[PDB]
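Look below for two forms of one protein chain, each set out as structure tokens: first structure 1, then structure 2.
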Structure 1
């Protein structure tokens, strides 16, 4: 039923005690947009400290109930929340494109992860166990992972529904309550999750939503009842690679999610030999990318999050030119054929060549559809030039020589490495966010630890053996 250029927020954007609320006090006022049209979908209040307090006080209450429920009881509520998400998928995914701008194509994948995540932690809640050790003389010791209490989740604008799901699913599975503060850019989708949790059977206050910016964030972090607050990538193309897969990989790595992720492999090192053929093919393919209405099934490139952000990306390209880069295609305002999209935050995906490491476009993360093609001669050279990469990053190597691939992956300091592919998936996702992957056992174990604490009990069955 929902379409581009029509949506307007009618209900309030805060959520406490299982219902939408207007904030009790303000830290300011913000406007949320429809990036495809430039339309204001909401003018909303940012939570003040009294408001922040009410939300924390409310979830503190819900925490006390939820923490007393068994893992099995919590598992059913969470599996239900996933069923509702799965059912209302197209509705949710639409709301997501409307406020964020990503393709319905991508937005659905985001929602798939979202319910998959909930099913994962629901499972873990039901199969939770501690350690038990037998001590000499019938005495024994045991452990239990207890929830922390009221956790704060800070959202991002690039994966709004998915970040909300990803933070709250392990949090609530542990028996905690969450107060979630989404990006002021994207305040809508989180309320859909909040509503779904209530519908699933979560006690009122367990997943609360406070809207706001920096001040709000600070008020949440400064709250005494808050237990815990939960808050360039290279692509090496060797001459011996499968050119078409390398080109496909480069495009995926740079233009998925409009290149508005830090995950994106924007530094494209291409070996001297294949440099000319690669560049020619990459420009050809980029010029075919479908820019338009994110709700259209054929659209692969939507608008950028907002006007300031778009201006910044266009600014990057102006400097890129100034510094000596050769704009091969795009990097300019795109005026879509449909007049409703006239004032949307659109631009054409950019491919830059003749890039050097000293260049700010090579140095800084742009957060837009901009590919920087850097030439290289030898394996030893790339590895020196590319190794300045943080562990929180990803790297991708394209070569038919398996030994070279493993050798390069071994030397690269990036946490996630892809041989003969590239996936633009969020950091949290295990196994580079490959589709039929699963989460394995370690991802959950580690994140469960983040949202819980280990209680240790020692039972003495005999007499105390005094040293004195």
Structure 2
């Protein structure tokens, strides 16, 4: 089914229906990265269209916020059921536009409906407090929604980010206007269609397409109560600056340069597999990837030789093939960026052990796709450009270390702080290393296995706020303190 699809319907979603935008802020083209074709050339939403989206979602927020948590729970569970029933239709579209393998996309759709189910349950038990106060009086808190929340999505995990941002928002009683990445506009509309079929009020989850301008219109609309952003550090900085004009709360996911520390007492088989899962999923375009692979000197050769052997066995090809594990990168400009990082690595003294070059698949229909082979680098130094900056491609930087105290200083020597990983069997070293890692999510003896039940978010310049877990409720709801006087007012005058 690759090289076969092109968008038929309009790409914005309002009033529980698909719509072309009212006014424009540009025209982008979305590609099929496996082939290079243009699946879509569409219009970026202008100010009047963005205003329609927020306003139409504000009317839906009025309806949605009146239901109890259990009542909202019922509807989000139905949306989760429709996602399970349309998983293969959703996943296939996600692959066509994003480029990741069908194998991973099915797992992405799994994490998407599990997020909806998890937050549906959380909605049913959402609560404030009740506190006995002196003199018979008491106080209580109403956990209330915020209003119209804005979600600005990213292209690497398009449908999952739409599900990870909308699920806690709508479960807390909010509506959402979601702006997908211009690279991946298609899949978010399927989630918007699924929410309406599940029975949400029309407008509760609206989709506006666009780029930087559209997102700026969304972050500055006076009726947007909260902004959830996933993207780069420079852009996240801009998102917070725009929200300052309206006193809007912000949560952020800004990528990372997460460390993966492999000690010599580790299970080698798990450490090799873990390093691959920490670097080459979704073409290496994963924010929380363990891209600084620290290997203790005693196991560097055995680890490196095994990692290179398994990396070279990654099947590259048609994303819709069952055995494919790496498809094309998102688009050519990002492929050249990743290839540029590799060229500088060789100039700075790093040794390319495999991959890092253009890949031409056997299938002629994939000739113009944006393919490259996964790359493993060794002889890396903390001062290398490929070691400091997020590459967002399949580029594993292997660095040697000697002592635990040394590697912790190097692991924390970053402005990033999204994720981290340690491979070791010593119980005390495992819990100690993780406690010192300045990162939001830390993996012991695995990687990229973030569950839906626990918070995911950044430390330092990787952002603040969380997705998944219970604490995300605090970012999509707010507590109103209500004091109930049970006696008379004792005046001071």
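Positions refer to the first chain, counted from 1. Between two forms, the rigid core is the largest collection of C-alphas that superpose within 1.5 Å.
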Scan 191, 383, 296, 82 for the one whose CA shifts by 2 Å or more between structure 1 and structure 2 after superposing the rigid core, and name it. 383
Once the two forms are fit on the core, has residue 399 moved its CA by at least 2 Å between structure 1 and structure 2? yes
Taking 2 Å as the cut-off, check whether the CA of residue 417 shifts that much or more between structure 1 and structure 2 after a rigid core fit. yes
Does residue 334 shift between structure 1 and structure 2 by 2 angstroms or more at the C-alpha, the core having been superposed? no
Once you lay the two forms on top of each other by their rigid core, how far has the C-alpha of residue 434 moved between structure 1 and structure 2, in Å? 20.2
Could you tell me the distance the CA of residue 271 travels between structure 1 and structure 2 after a rigid core superposition, in angstrom? 2.6
Value in Å for the CA shift of residue 325 between structure 1 and structure 2, taken after the core is superposed: 1.6
